[PDB]
Structures are given as C-alpha cells and as structure tokens.
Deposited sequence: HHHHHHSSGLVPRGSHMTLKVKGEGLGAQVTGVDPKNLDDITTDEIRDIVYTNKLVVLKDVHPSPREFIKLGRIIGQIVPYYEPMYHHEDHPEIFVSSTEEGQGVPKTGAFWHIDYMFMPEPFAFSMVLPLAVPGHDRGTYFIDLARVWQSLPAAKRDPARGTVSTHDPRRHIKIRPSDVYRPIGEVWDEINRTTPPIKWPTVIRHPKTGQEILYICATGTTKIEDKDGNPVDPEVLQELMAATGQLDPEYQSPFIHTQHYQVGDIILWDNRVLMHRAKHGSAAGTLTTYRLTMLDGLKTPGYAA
C-alpha cells in the first residue's frame, strides 16, 4: 500500500524512510520479499536503531550466536568489515544459507552496506527453486523424501579469545556448540509452496533415505553440480549478481536463495529474522 516495487524478481527495487512504524506493515513487506525473493530497499540511510526497527517489523530478530560478530552497541547486528575491531572480516566467502546449520534457520536476511569500495563488490545469489525446476524427474525423484546432513564445524572461524588454546579444545567446544544438523533434502516453502533443493556445496556432507541408509553418494554430487554452486567462474545461468550500494538495503528470502560474497574498506550490517512459519520448510 505504502511501498512501490519497480520490476519483478531478483533485485526488484523498492521506493522506505526511517519513519516506518507507520504505514509499513509486516504483511506488506513480507509479501514483497516472498514474491520477488530478493529486493533492494532504495536509498534508506537508516541509523543502527532505525535498521533494527525495520527488522522488528519484518519479524523476530535473532542475534548471531557468536558475539565477536556483534556490533559494538547492538547484539542484533552482525558486522562484516575490513576495519580492525569492527565485527569480522571476510564473512560468507562460500555458498551458504544463513543459519542453515541451526535449529531455526532464518526466514529473511537483510544487509545494509555502510561503506563499499568501488562498484564490483556484492553478493551472488542462486535460486534453489529454479535449480529444482530445471532438474529432470530422473535426477529429481531420488532426492525426494531424503535427509541431508549439514556440517558447519570446519567453517567456524577462530576467535580472538581462542589464541593460545590447543586446537583440540577449540574443536571440542565447536562440536558441543554447533553439531551437524539434518534437514529434508527437498523442502516445500511454507508460504509460497515452492519446492527447494536445500543443499550447500560447503556444508552438505551426505544424503540418507528415510530409514538411515546411505544414498548413492553420486546423487549428492550430481545435485550439487546442477545448482551451479561448483562453477568457479560464477557464470551459471542460475547465478544472480547483486552489487552493493551504500545505503541500499538488500533484503531476501533465506529459504529459497543460496548466497556467497562477491570478492578498499568494506563494512556491512546485517539483521536476520524469523517469520513464525515452519523453518526451513516442510519435507518434500
């Protein structure tokens, strides 16, 4: 009602002012994200506090479990920056879905770039619903009704507090804190009803059937090949590029898109929200 959408689909432009508790309703902005999957909230130059207000409208904000990622003044904000003492450098250099490995993966991720060097820095996205669409049934039907294991443990980053600890003690703590997790390999989006190939080049280790039996490991390899996630040059037709622009908030559906960083001083703030629907989705 209050927001105007230019375009349709990945990258649609939305024309949001820091006084948003007014006409911006939660159902308005959700239906926009569900519909287009990735949108840009144009030229919002919000303050940290206003960002959070926008996040809370979108849904229930979840702070990142690991506090070295937290903004100095707000636990809610996950900070990626090249600048010493501001969050963590070089986050997300690998395909992933946010909190794909936690008990409640997010419904929405939102990124505000506060400082970008140049015009070629941003994020790659892959539509896992489209990837699924292009799959012939002969490759498709072995994935249905199977269970995928997602293992984050090797990607947990060493923290400043970890220096001089024996690596085995750090690993042991990781293993207690974020063990591998299982999700259905194919899920059905609780809102749109689309079927989603919920697998990740970096994190998905193996597929098993509904009785524990190991699926032919070339199935996982073949599905992963068809997502485009293994193309080291990033030319797959399934790969959308979204370039960062300062003050342009990138907001997207974290069930249906897989993403990774594309690549001066870079600094971005991030908020992640739940939507109260089945996460990541129903088994398909």
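- Stretches of the deposited sequence absent from the structure, as judged by C-alpha coordinates, are 1 to 16, 32, 281 to 284.
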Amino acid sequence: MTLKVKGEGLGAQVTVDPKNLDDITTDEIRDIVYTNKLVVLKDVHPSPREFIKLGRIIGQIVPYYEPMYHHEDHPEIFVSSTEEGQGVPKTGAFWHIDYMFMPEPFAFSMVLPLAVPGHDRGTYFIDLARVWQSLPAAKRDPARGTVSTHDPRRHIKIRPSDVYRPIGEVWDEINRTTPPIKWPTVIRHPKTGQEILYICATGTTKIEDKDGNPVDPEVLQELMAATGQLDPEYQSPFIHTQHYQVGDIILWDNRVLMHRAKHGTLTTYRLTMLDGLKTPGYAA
From here on, numbers count along this sequence of modelled residues.
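- Higher mean CA temperature factor between 206 to 214 and 148 to 156: 206 to 214, per the PDB entry.
- When 76 to 84 is weighed against 94 to 102, 76 to 84 comes out higher, by mean CA B-factor as recorded in the entry.
- Per the PDB record, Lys139 has a higher Cα B-factor than any other of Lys191, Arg130, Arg165, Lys139.
- Comparing the C-alpha B-factors of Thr26, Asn36, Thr241, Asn254 in the entry, the top value falls on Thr26.
- Among the modelled residues of the chain, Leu230 sits in the middle third by CA temperature factor in this PDB entry.
- Sorting the modelled residues of the chain by their CA temperature factor places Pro63 in the middle third.
- The PDB entry assigns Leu135 a C-alpha temperature factor belonging to the middle third of its chain's modelled residues.
- Sort the chain's modelled residues by C-alpha temperature factor and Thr272 lands in the lowest third, per the entry.
- Looking at the C-alpha B-factors along this chain, the one for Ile250 belongs to the lowest third.
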